[PDB]
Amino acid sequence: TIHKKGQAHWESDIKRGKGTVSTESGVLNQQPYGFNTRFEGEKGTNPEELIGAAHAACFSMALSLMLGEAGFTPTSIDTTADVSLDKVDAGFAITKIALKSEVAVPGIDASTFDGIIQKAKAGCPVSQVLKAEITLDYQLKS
């Protein structure tokens, strides 16, 4: 199995405390995060946008793979993942991720493409591991 690691550091309480997040690749190295950026809308990284990025990335790559297996080559795939963090009795929960994608695949049938993209939406590794509602809105250029 493939193992990849992420890390975080936290110090003090939630209001007066702060933290940082990193990844083994180094793309993220002690990047600041906290209550402000996660719940108060202050610009900065947080768990949600990171999961959104991971999801957009896994979905896009999966769409390319499946398209290839169908004998198609995508010119470009641009996916956005909107992660919803809602308030619930237990606190908060990631309830939905809205995927928005613009794909360009030369001469591919609209009906055939839809079948492939819906399979990617529900079949990629990240979608499969998430419990949140996953929606998909796309635009095909062929």
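Start at 1 with the first residue shown and count on from there.
Asker: Tell me which of 43-51 and 102-110 has the higher mean C-alpha B-factor in the deposited entry.
Answerer: Going by the record's values, the stretch with the higher mean is 102-110.
Asker: Determine, for stretches 20-28 and 7-15, which one has the higher mean CA B-factor as deposited.
Answerer: The entry gives the higher C-alpha B-factor average to 7-15.
Asker: Please pick out which of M61, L85, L67, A81 has the largest Cα B-factor as recorded in the entry.
Answerer: Highest C-alpha B-factor among the listed options: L67.
Asker: Which one, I117, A90, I94, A57, has the peak C-alpha temperature factor per the PDB entry?
Answerer: Within the set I117, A90, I94, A57, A90 shows the top C-alpha B-factor.
Asker: Ranking every modelled residue in this chain by its Cα temperature factor as given in the entry, which third contains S142?
Answerer: Ranked within chain, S142 CA B lands in the highest tercile.
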